[PDB]
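Engineer: Using only what follows, build the 3D model:
(one chain, ligands or ions: 1)
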Amino acid sequence: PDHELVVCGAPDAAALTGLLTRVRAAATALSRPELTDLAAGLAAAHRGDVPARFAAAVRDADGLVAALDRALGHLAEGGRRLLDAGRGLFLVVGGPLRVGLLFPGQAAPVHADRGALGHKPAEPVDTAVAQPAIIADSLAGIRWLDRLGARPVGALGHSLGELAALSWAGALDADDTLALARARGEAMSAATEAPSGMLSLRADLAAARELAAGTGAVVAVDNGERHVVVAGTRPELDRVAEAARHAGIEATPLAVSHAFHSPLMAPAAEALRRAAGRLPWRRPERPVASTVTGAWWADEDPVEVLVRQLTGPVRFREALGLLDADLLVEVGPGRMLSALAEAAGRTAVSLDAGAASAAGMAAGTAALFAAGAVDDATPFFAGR
Ligand SMILES: [Cl-]
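Structural biologist: Numbers count the residues shown, from 1 in each chain. Below, you will see the structure:
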């Protein structure tokens, strides 16, 4: 792999300082094959009940020395918790912390991302192909969490990702979930009655609703205080874009040919109802914060919730606010949701399941280990 995972631990902060000092000494100058042997040995020896924990995803020995330096500086100032998701460096004395899962949906590309600088368009996602592809990668991430014995406090899924969150929670098995994803992407790829799309606003929900009022456009995705997506026909979207320019709000056209998460998806919701109603649904056994209801999943009829998902807004701001977690780990391809969570001031890292680069699997597994959600990082060293 292009990133290595280096974990260790000790019984308390003083003992971890001593160990980290010695690993720093040992690490200076190691070749890449020597660093892999040191990292595989540390993972074998530091598993189980490991009270005070360090984990870092690193490109090479010098990156390990740099991470150790940061951890040691933190402990020297009496720090007991350093969570730097964007550097893949995690240190926790006195955990476990609360870890939540994020299950992504489909990518949301910008139509003409500029440029020179703003200051041929992107192609929309082919949703009939993308939805089952993303859910297959999410289900592979759930198999990694299962191999690790991960113990998150709960999960949420954005739009499509709610299917993977429910599968993780035991409501539906992996084969049925992938089959339902193929049906959902086929239903949602049908053309809308008239040309339609989505418009991203750098504004909050109230500001979006003020811009959209009387226009025909509606809120499609509430991603937080800094990001709300509206949807409608092209005339409706043009009304909002005019309003947004007058108000001084930045409106970004997205590369999509459907007003997803609007009433124009009602035909697709009917077709999804047929596919969903044929499946052997079970009650979820683990907590799921729904981006359909913006509430915890309780006694809900999954067919009704997944059908109204398509016409109603994605309540990611509300669902994320419910999930009380010191650290979030995204389980799926890419880092869409970790970026949205970071924009809400949360700490998040993606496993980036199915990626060419091992960057995400190393950083995400370092996060699970340091936060105490997994006890054994040896699976990262198996089967190379
Ligand atoms: Cl609302």
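Engineer: Enumerate every residue touching residue 259.
Structural biologist: 192, 196, 197, 198, 220, 231, 232, 233, 265 (CB atoms under 8 Å, 6 or more residues apart in numbering). The way it works is simple: take the backbone N, C-alpha and C, and place the C-beta from them, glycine included.
Engineer: same thing with residue 328?
Structural biologist: Neighbour list for residue 328: 99, 100, 101, 102, 337, 338, 341, 346, 347, 348, 349 [criterion: CB under 8 Å, 6+ apart].
Engineer: Give me the nearest residue to the third one, chain neighbours excluded.
Structural biologist: When the adjacent residues along the chain are set aside, residue 101 lies closest to residue 155, with 3.8 Å between them (CB to CB, 6 or more residues apart in numbering).
Engineer: any chance of the contacts of residue 328 in TSV, plus secondary structure?
Structural biologist: Supplementary listing: these in TSV, determined by DSSP: H, G, I helix; E, B strand; the rest coil:
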residue	secondary structure
99	strand
100	strand
101	strand
102	strand
337	helix
338	helix
341	helix
346	coil
347	coil
348	strand
349	strand
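Engineer: Nearest to residue 179, out of those: which one, please.
Structural biologist: If you rank the contacts of residue 328 by distance to residue 179 using CB to CB, residue 101 comes first, at 22.0 Å.
Engineer: re the thing from before, wait, isn't the residue nearest to residue 101 in contact with residue 285?
Structural biologist: No: using CB atoms under 8 Å, residue 155 makes no contact with residue 285, being 11.7 Å away.
Engineer: okay, and the common contacts of the two?
Structural biologist: Once CB under 8 Å, 6+ apart is applied, the residues that residue 155 and residue 285 both contact turn out to be residue 169.
Engineer: What helix or strand is residue 7 located in?
Structural biologist: Element membership for residue 7 (DSSP states H and E) is strand 4-10.
Engineer: Now find how far off-centre that strand is within its chain.
Structural biologist: Offset of strand 4-10 from its chain centre (CA atoms, centre = their mean, to the nearest Å): 24 Å.
Engineer: That one: partners in the sheet, and parallel or antiparallel?
Structural biologist: The pairing partners recorded for strand 4-10 under DSSP bridges are strand 52-58 (antiparallel).
Engineer: Output the strand it pairs with as CSV, nothing but the C-alphas.
Structural biologist: Taking Å, rounded to 0.1, in the frame of the first residue of the first chain, the C-alpha atoms of strand 52-58 are listed here in CSV:
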residue,chain,number,x,y,z
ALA,A,52,-3.7,4.9,25.7
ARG,A,53,-3.4,4.8,21.9
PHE,A,54,-1.6,6.3,18.9
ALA,A,55,-2.3,5.6,15.3
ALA,A,56,-1.1,7.3,12.1
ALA,A,57,-1.4,6.8,8.4
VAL,A,58,2.0,7.6,6.9
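Engineer: Start at 55, not 1
Structural biologist: With the count now opening at 55, the last piece we talked about shows up as strand 106-112.
Engineer: Measure how the strand or helix carrying residue 75 sits relative to strand 106-112, angle-wise.
Structural biologist: Element membership for residue 75, per DSSP H and E: helix 67-81. Put simply, helix 67-81 runs at 30 degrees to strand 106-112, going by axes from the mean of the first three to the mean of the last three CA atoms, to 10 degrees.
Engineer: how about helix 67-81: buried residues?
Structural biologist: 67, 70, 71, 73, 74, 77, 78, 81 (16 or more other CB atoms under 10 Å).
Engineer: before we move on, what about stretch 403-416?
Structural biologist: Neighbour counts over stretch 403-416 (16+ other CB under 10 Å) mark 403, 404, 405, 406, 407, 408, 412, 413, 414, 415, 416 as buried.
Engineer: possible to save these as a markdown table with secondary structure and distance to residue 133?
Structural biologist: Below are those laid out as a markdown table (DSSP: H, G, I helix; E, B strand; the rest coil; distance: CB to CB, whole Å):
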| residue | secondary structure | distance to residue 133 |
| --- | --- | --- |
| 403 | strand | 19 |
| 404 | strand | 25 |
| 405 | coil | 26 |
| 406 | coil | 28 |
| 407 | coil | 31 |
| 408 | coil | 35 |
| 412 | coil | 28 |
| 413 | helix | 25 |
| 414 | helix | 26 |
| 415 | helix | 27 |
| 416 | helix | 23 |
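Engineer: hmm, back to that, with distance to residue 296 added, can I get the buried residues of helix 67-81 in CSV?
Structural biologist: Below are those laid out as CSV (distance: CB to CB, whole Å):
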residue, distance to residue 296
67, 58
70, 58
71, 60
73, 61
74, 57
77, 59
78, 59
81, 58
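Engineer: Residue 311: which of these is nearest?
Structural biologist: Closest to residue 311, out of all of the buried residues of helix 67-81 and judged by CB to CB, is residue 81, at 51.2 Å.
Engineer: Could you identify the helix or strand that succeeds whichever strand or helix holds residue 197?
Structural biologist: Residue 197 is part of helix 181-202 when elements are defined by DSSP H and E. Later in the chain than helix 181-202, the nearest helix or strand by DSSP H and E is strand 208-211.
Engineer: What is that following strand packed up against?
Structural biologist: strand 153-157, helix 215-222, helix 370-376 (3 or more CB pairs under 8 Å, 6 or more residues apart in numbering; DSSP states H and E).
Engineer: mind listing the strands in this protein by residue range?
Structural biologist: 58-64, 106-112, 135-138, 143-146, 153-157, 208-211, 250-255, 272-278, 281-287, 305-307, 381-384, 402-404 (DSSP state E).
Engineer: Thank you kindly, that will do.
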